[PDB]
Amino acid sequence: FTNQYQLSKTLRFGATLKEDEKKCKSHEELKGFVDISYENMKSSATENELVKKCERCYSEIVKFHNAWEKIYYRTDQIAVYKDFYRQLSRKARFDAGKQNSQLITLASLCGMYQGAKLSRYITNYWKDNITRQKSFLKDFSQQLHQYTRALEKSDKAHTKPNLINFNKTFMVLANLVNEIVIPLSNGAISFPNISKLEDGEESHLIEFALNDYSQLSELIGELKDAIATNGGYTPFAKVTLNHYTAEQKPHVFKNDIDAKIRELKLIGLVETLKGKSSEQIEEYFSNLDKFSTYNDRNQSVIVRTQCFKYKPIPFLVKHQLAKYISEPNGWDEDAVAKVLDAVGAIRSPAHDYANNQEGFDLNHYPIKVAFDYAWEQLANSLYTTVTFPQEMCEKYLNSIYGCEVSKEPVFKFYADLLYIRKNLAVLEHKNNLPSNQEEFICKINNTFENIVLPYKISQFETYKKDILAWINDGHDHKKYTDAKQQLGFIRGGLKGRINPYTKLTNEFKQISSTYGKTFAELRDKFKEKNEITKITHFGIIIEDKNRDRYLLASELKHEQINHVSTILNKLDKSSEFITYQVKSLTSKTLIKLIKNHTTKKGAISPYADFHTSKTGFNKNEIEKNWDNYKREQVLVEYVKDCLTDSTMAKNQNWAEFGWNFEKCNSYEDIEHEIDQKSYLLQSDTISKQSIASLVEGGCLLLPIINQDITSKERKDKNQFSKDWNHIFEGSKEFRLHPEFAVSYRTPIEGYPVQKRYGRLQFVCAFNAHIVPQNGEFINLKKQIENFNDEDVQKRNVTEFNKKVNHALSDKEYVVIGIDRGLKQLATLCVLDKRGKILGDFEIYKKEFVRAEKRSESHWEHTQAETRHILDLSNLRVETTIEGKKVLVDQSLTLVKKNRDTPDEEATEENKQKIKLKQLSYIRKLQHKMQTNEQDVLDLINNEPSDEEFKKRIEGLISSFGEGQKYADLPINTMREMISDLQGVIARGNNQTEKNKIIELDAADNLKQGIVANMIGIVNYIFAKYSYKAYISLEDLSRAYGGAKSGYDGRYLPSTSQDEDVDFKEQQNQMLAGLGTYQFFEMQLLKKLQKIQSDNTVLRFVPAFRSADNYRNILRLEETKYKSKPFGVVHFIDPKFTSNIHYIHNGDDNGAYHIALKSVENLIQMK
RNA sequence: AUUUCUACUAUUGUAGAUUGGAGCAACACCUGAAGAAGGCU
RNA sequence: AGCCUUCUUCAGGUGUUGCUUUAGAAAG
């Protein structure tokens, strides 16, 4: 059950020292330097205003771009620092050589390197930078003037560009400008020869040199931090712990980019559309057979998309991709750009039939577009004359459905409901009421009385009665409005309920998903080309005598000195502060070293240390034919000798990695051995004065903080702190990835400094890798290949649980069967392998004890019940003060009404499904607050009492679906939100202040934590039975019937009506977003693949990433029940689930039967 | 009180859970608009 | 001319669901 897969694990750590009086002081030996560096980090940490700022920035970067384009080639003026010149040697790909000056004027570099001037490489790099930022300035100019035109003309508000592509275009443009302007603001590009008096003819350079580009840099950084801030966290730095990974150059995704364009068949699509006019591409897409192309799996997904719905290629990827594929094919870039632009051009059949009528055809338009036009304009035709091609729309709908549409009951019912809505709209037109309303009343009555119901609707007659009563006599407006809203819901959900059309929409789900994934991956890997500086800091972890750990990060652009050597030169062996840094190698680095070696005459490759003088290096065979030369034995032997006896293997001391290539007879074996053994945590020491000189020199001393490692009695209770102190043992199996990103979160106003949101919080997010050292392991990139192919993943699951069932064949296993519902969020039953109901779980309780000494107060746990079939809903694993882990019921201990009231008693309940119920009620109120706003303000009309206010809510909000109807309504929070909405609608009716109230609250965190309690329970039981256990779950993927949505009264279809309907998600929407089925599934399965003992990771379910990896697996056969085994988890069919006397409830029986259905076929199968 | 989430306590914190970043698709509603159709005055 | 409804489209927001990509040293 050992883990054979590589795993990543982000361990986030705070970097802001809390200074509360009730927080233990930590990092005291370097406290002054921590507080100094906090002020350093505080000083550089900060849709119509955004675009005004973008237009201001675009004007400054156009001015800067046009000024820089006339300076960069005047090489007698530019001078570079030595660190900048070396980074230019790496970036412009030449040899630095020997420069014996701190300031290198480009009037030097007249020497030759590989057939060119040395300064010409710098000038050509800057010229390429100018060209790329000019192209991105053109793209950003197009988007910016488009969005500005949409802004300052309220008529044209529908022409806004995509904001994600707008933001990402500015991020690429900001990177490209920043590569030039950051050395200008830092002085790494300076102009020393400006002292001579030539202002009569060279004054334009004088305005360039003394201009403050710090202002432009900070304004661009302001926009970047505005764009990059997601969730309140702004990226601060990207620190490396391995200094060879510093000064990193962007990854080349050439093979990955070319594979997506191959998958898109984009080259062949531009082949059949290049040279066409913009109207001829339109006629090509018009004359395409929509239905045969849409279902043709071998077509382009781009073509298969534009024959169902007009879906244009996104702006950023389309301009990166047009320039990408225009180059090697010799195409004109404008022609391929025109082809890419005309793909997915929106066309309206209604607007086109309005303009002209002859030559019109619904086959010219995509399936959804023409279907919508035909269905809507034919529904209007059954009660009035409509100017549209009536028989053509009939023919189109009959071709789609195979039957005579406008004779079907469903389409007729849609036409009646649309006509009813139209006549109610005319009769409601209060400003322009008709002179003769009687004939509209007659029309409504006639349409309601001649209507025929296609199926059963329970409440339709009530809606009809209320609407007819309102129009005829005027009884009620509330019931009439509710009835009209429900009829609108029915009519909206009726569109296409006649299977031939839901199939096409379900196919478009995957087709548009592949379209979006491929273009998003292409955009992410084309944006990678301009990620010039990934690493900004080089850092070490500094440990002192109290085992506190710091982060001494130093900017790589901070000054003209070498900032990799600055930290490392100050390391000693007998100092007081132990420093750590990662010494590691990967197959990624190896393949970067082998392929990029150069054997040209004038070239001095930077990788000549890595490569020895054997026979195995042949550049053409490595470059053009790598995947065939990697299997040749001469290259394997050459790579082994390059890793053993090269210059780089003795300079970097690669013999300390403990490599052994006596078993590696292949290149994949070499890469695996490198990825397995190559990790050492290089421990050195540094002094107090060295840290003082570095922090005073501008470096940042971020203190690594969490609750456990900065407490008084520093015992590791968290798994992140346990992993943190497992990393610094130097063990190979649990590594520290050298790269990690520091971010910051600005304080929220209205929050005190005693809380983390009223504090500027810096977070270090370390990545820790689990690399199995016992033999062959599967790396992360091999894993994503298996996750992306369902046949490979099916075979992997089959071989994994073949391995598992051999282990637990002749063992005395138990079976852990879990039911899921709403009455109990999960209930668990443990069975013996013969089916005997086990379970002697002691259920404890907490009571807080106030000791005489105040800091010695603690929780004492006492046993309260003995339960056998557990209700996991109110349980959480608790560790007592004696170290024993017990099961504690949260509901047994009351909680206090107001937090931080030590002298008051506890009088409130602590059920978790009550929390879910309250959040669902809040989300239902916020939904009706958006859609039915005045109805929501009517709830507090005359300052109601709580009972009559609850009665008022019961006419607006649906119940939860569990417990009594409106059991635990959050009235004191609901009335506060409605009063806040009344206040916001008063004093100006601002929309953002409304959106802070009316928008739905996220439900994922509450139910994630509530499920995490239960996952801890299941982990405790699984480890209790010595991991020789089986787990059984339902297959809750099929919805046998319909449901009503929690938000509206909307009907949620079954799986029969729509094959993509999942029972868990249908029930989630039934509860207004508070379903805990898939959360329990995903959290249990993500727990079971990483179950961690003292120092070893034990894996009990196969490797998976998505939900289509654990669903859509091979089910076992030749048994009683249909079960899908996923490691130790069996997803049995839920059909007929709901010491035999241990069953007391209706769902204890369900959990016992879920366990028993797995017991039976584990008996039969093995 | 939190790396963060959840539940707490007021114990210089507690217990469980914790892989983070960028997006993509479908849906729901809101907001800003456009097009067409029918219709009202 | 004003105005209402209806369908579709566009942009954003917030949710719900899934789904990918990325996360160690890239010179002909």
# chains A, B, ... in the order shown; residues from 1 in each chain; ligands from 1
>>> select_by_dssp(residues="range 405-491 of chain A", states="alpha helix (DSSP H)", output="VMD selection string")
chain A and resid 409 to 427 438 to 449 460 to 472 478 to 491
>>> interface_residues(of="chain C", to="chain A", cutoff="8 Å", atoms="only C-alpha atoms (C1' of nucleotides)", output="PyMOL selection string")
chain C and resi 3-8+10-11+14-17+19-21+24-27
>>> interface_residues(of="chain B", to="chain A", cutoff="7 Å", atoms="only C-alpha atoms (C1' of nucleotides)", output="PyMOL selection string")
chain B and resi 1-3+5-6+10-12+15-17+19-20+23-26+29-30+32-36+40-41
>>> atom_distance(atom1="CA of residue 729 in chain A", atom2="CA of residue 542 in chain A")
14.3 Å
>>> atom_distance(atom1="CA of residue 1122 in chain A", atom2="CA of residue 1163 in chain A")
14.2 Å
>>> select_by_dssp(residues="range 735-808 of chain A", states="strand (DSSP E or B)", output="VMD selection string")
chain A and resid 737 to 745 761 to 770 778
>>> atom_distance(atom1="CA of residue 391 in chain A", atom2="CA of residue 307 in chain A")
22.0 Å
>>> residues_around(residues="residue 677 in chain A", least_positions_apart="3", cutoff="12 Å", atoms="only C-alpha atoms (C1' of nucleotides)", output="number ranges by chain")
A: 583-587, 654-661, 670-674, 680, 731-735, 771-777
>>> closest_residue(among="A:291, A:1030, A:813, A:1142", to="residue 866 in chain A", atoms="only C-alpha atoms")
A:1142
>>> residues_around(residues="residue 909 in chain A", least_positions_apart="2", cutoff="12 Å", atoms="only C-alpha atoms (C1' of nucleotides)", output="PyMOL selection string")
(chain A and resi 874+889-897+906-907+911-915+968) or (chain B and resi 7-8)
